[PDB]
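Below is one structure, written out as structure tokens; the observations come after it.
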Amino acid sequence: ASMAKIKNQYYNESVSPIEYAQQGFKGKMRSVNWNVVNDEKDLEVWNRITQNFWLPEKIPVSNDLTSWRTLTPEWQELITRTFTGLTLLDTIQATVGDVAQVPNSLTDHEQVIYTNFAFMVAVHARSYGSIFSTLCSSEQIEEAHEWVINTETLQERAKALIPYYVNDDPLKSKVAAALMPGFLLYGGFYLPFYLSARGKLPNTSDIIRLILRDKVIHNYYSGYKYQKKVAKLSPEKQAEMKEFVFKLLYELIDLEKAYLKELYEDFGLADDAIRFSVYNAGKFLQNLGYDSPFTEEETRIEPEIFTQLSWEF
Amino acid sequence: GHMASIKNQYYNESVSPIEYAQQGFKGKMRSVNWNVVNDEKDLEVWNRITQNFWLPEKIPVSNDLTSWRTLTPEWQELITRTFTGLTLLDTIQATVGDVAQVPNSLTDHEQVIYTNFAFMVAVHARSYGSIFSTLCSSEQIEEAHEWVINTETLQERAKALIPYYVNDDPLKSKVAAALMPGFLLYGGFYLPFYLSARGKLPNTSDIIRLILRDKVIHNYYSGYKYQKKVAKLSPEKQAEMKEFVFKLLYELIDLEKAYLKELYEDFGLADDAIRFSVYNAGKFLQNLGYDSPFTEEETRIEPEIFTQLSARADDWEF
Ligand SMILES: [Ca+2]
Ligand SMILES: [Ca+2]
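Order-wise, the sequence lines are chains B and A. Mind the numbering: the first sequence is residues -2 to -1, 1 to 308, 338 to 340 in the authors' numbering, read in order. Mind the numbering: the second sequence is residues -5 to -1, 4 to 312, 337 to 340 in the authors' numbering, read in order.
Dropping the structure here:
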């Protein structure tokens, strides 16, 4: 009964494969249509993440061996532990968190963008392994894995977020997904930024920057999709979601402070890494469309560290 | 006399994240350990699939325009429909089938190999889109999407496999996943190879060969993991699984014959594409460790087609 001829009527008469599977094997399934992109932001993001493909073997980490050998065994242990803990977060994102966003998608193109995210964060975990292969001894590697499984403050950050990935609530799942690359990343990234400012491990620093380039987009994209769904909710449901975001973030900030104090206690870096972490919590809120409540002193970052965001050593 | 006298013990004291969720949020979670690979085959496959990364910008598809313009509207429509049907299979693999194998994995490294498979088959679907953007009118593209959703013989092939991806039986899910790149692909791939053997759409067939290079590994790897797990099961369960594989493959073959007859009906290609399909069904069985029951007559492929199928894929780098 329409007086205009709407193009692509087949789309409204069909379902994506995941929708077919979720709704009890009902409906006619449509192929993705890369010639009709429902949200142009999806095409922009697909193009940037695929143009940004890299693998760790492209960076000659072996050229860091002399720099690595200037670090005491205590510093080498700290780096192996910190990076292995980040590898755990990468593993959760690749195998649970990002793949859980596929069925939560607003568009067919978003469904496969999250498969790229999952694969690329697996590459991030691969690259930590690659760094260790070149620089670390077998004993250093194994001891870091045993420390990861046995450090309760580390385990608790992951345990707090994983339950949301059931997609019992898709928006809560998306917030918990974005908190990995948008927040928990940074307490650990403080360490390579600190080492880079001191002229250590330049080639490893190149891998850290490639990882950062991907993670920034992952956080941005989830926040973009969070805001798009939330704006369509009732004012009441939007208030409930905003209180959820602040509550979960504050909970994760407390868990992260406890973890970073343990990780960096012997080195004095915990207070600086916590302010750096809380600064990025403020940006995480902005990424979801909210205002940062954090103070300047809460979030103060030295310039040699702050620029990389884009006698006593 | 003599003096009376375990590496990586943490691994047995912990679980992977997907397990931790599976076990009801119980256990200590371990990071993937790329320095201690439990099955070296996983490192080999990770290295192969990542070094084979490509995007459709690698291929100068616009150089096919002269030969595309020599095809009739009916042939152009056949090509667009066939490829859009393949894009549906790609979409199912990227968003349902390959994702579903992550929790079925025997090792931590296999979990992330299947995330590569899902993304790369998404690239396959995007590549079809690139071909359509270069060659097809907006009307041809939309017609093909409307034909895909409304063609029951096409839909039935997908509907037969998707229920297994719920993972009630992880081995049945894995077989049903592998049937996509290992079998359902080939009836459609017959068309570009038929065309390029006749000098039509040569650059498009270069895309097809890059897709094939990935799909072959996806099928091989699922068959490797299938065999590894099945080999540890009771003789009764192994024979049950063999019967399941043959029963499902034969039912898929029947659905594929019905679809290819409908798809190719005005063109005379269905009988040839069906033999090409059944040839690859035989290879599918061999890849799971079984013997092919199909005759030489059921599986004949002409040399010019085999030449296109077997040609190697390739200053632009990734
Ligand atoms: Ca300090
Ligand atoms: Ca014929």
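Ideal Cβ placement from N, Cα and C applies to all residues, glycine included.
- Query: Quick one: is the Cβ of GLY127(A) within less than 8 Å of any heavy atom of ligand 2?
  - Reply: It does not: the Cβ of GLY127(A) is nowhere closer than 8 Å to a heavy atom of ligand 2.
- So with Cβ pairs under 9 Å, would you call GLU42(B) a contact of chain A? By this cut-off, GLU42(B) is not an interface position.
- Message: Quick check: the Cα distance between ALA229(A) and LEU169(A), rounded to an integer number of angstroms?
- Response: 12 Å
- For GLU140(A) and chain B, any beta-carbon pair shorter than 9 Å? yes
- Query: What separation, rounded to the nearest whole angstrom, lies between the Cα atoms of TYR224(A) and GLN99(A)?
  - Reply: The C-alpha of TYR224(A) lies about 11 Å from the C-alpha of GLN99(A).
- Quick one: is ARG28(A) near chain B, going by C-beta distance under 9 Å? yes
- Item | Distance between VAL173(A) and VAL243(A) (C-alpha atoms, nearest Å) | Roughly 7 Å between the two C-alpha positions.
- Message: Between which residues of its own chain and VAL35(B) is the CB-CB distance below 7 Å, once the five residues before and five after are set aside?
- Response: Excluding residues up to 5 positions away in sequence, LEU41, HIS107 lie with their Cβ nearer than 7 Å to the Cβ of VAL35(B) in the same chain.
- Whole-angstrom distance between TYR257(B) and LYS281(B), CA atom to CA atom: 21 Å
- chain A contact for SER12(B) (CB, 9 Å cutoff): Among the CB atoms of chain A, one or more fall inside 9 Å of the CB of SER12(B).
- Task: May I have the straight-line CA-CA distance separating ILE139(A) from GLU75(A), to the nearest angstrom?
- Result: Each residue's alpha carbon lies about 9 Å from the other.
- Check the C-beta distance from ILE90(A) over to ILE160(A) and give it rounded, since I have them as a contact under 8 Å. Confirmed, Cβ separation roughly 7 Å.
- Query: Just the Cα atoms here: how many angstroms apart are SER60(A) and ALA158(B)?
  - Reply: 51 Å
- Please confirm if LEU86(B) has its CB atom under 9 Å from at least one CB of chain A. yes
- State yes or no: is the C-beta of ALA175(B) nearer than 8 Å to some heavy atom of ligand 2? no
- Task: State yes or no: is the C-beta of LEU267(B) nearer than 8 Å to some heavy atom of ligand 1?
- Result: Under cutoff, so the answer is yes.
- Query: Between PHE304(A) and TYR126(B), what straight-line distance do the alpha-carbon atoms span, to the nearest angstrom?
  - Reply: 43 Å
- Taking Cβ-Cβ distances below 9 Å as the criterion, which residues of the segment 155 to 172 of chain A are in contact with chain B? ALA156, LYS157, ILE160, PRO161, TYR163, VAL164
- Task: Compute the minimum distance between the beta carbon of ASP270(B) and the heavy atoms of ligand 1, and state whether it is under 8 Å.
- Result: yes
- Extent of the continuous alpha helix (DSSP H) run through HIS(-4)(A): Here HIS(-4)(A) belongs to no alpha helix (DSSP H), and DSSP marks it neither H nor E.
- Message: Here's the rule I'm using: 16 or more other beta-carbon atoms within 10 Å means buried, otherwise exposed. How should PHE23(A) be labelled?
- Response: exposed
- Task: Using alpha carbons as the reference points, say which of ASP166(B), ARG46(B), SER194(B), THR78(B) lies closest to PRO301(B).
- Result: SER194(B)
- Item | The alpha helix (DSSP H) enclosing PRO301(B), as first and last residue numbers | 301 to 304
- Message: If the criterion is Cβ atoms closer than 9 Å, does the pair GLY185(B) and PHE274(B) meet it?
- Response: yes
- Quick one: which chain A residues come within Cβ less than 7 Å of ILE90(B)? Correct list: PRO15.
- Task: Count the other C-beta atoms from every protein chain shown that fall within 10 angstroms of the C-beta of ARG79(B), then say buried if there are 16 or more, exposed otherwise.
- Result: Label assigned to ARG79(B): buried.
- Amino acids of chain A, ordered along the chain, whose beta-carbon sits closer than 8 Å to that of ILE147(B): The answer, in chain order, is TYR8, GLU11, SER12, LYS26, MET27, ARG28.
- Quick one: what's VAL13(B) bridged to in DSSP? Bridge pairing for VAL13(B): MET27(B) [DSSP].
- Task: Mind listing the chain B neighbours of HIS143(A)? Cutoff is C-beta to C-beta under 7 Å, in chain order.
- Result: The answer, in chain order, is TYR8, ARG28, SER29, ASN31.
- residue 341(B) at chain A interface by Cβ criterion, 9 Å: Because chain B in this structure spans residues -2 to 340, residue 341(B) falls outside the shown range and cannot be described.
- Task: Tell me whether the beta-carbon of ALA311(A) lies closer than 9 Å to the beta-carbon of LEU189(A).
- Result: In this structure, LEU189(A) does not lie closer than 9 Å to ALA311(A) by Cβ.
- Message: Relative to the C-alpha of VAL276(B), which candidate in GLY25(B), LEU286(B), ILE251(B) has its C-alpha closest?
- Response: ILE251(B)
- Residues, ordered as in the chain, of the segment 272 to 285 of chain B that lie near chain A by beta-carbon distance below 8 Å: none
- Message: Quick check on DSSP: helix, strand or coil for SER194(A)?
- Response: helix
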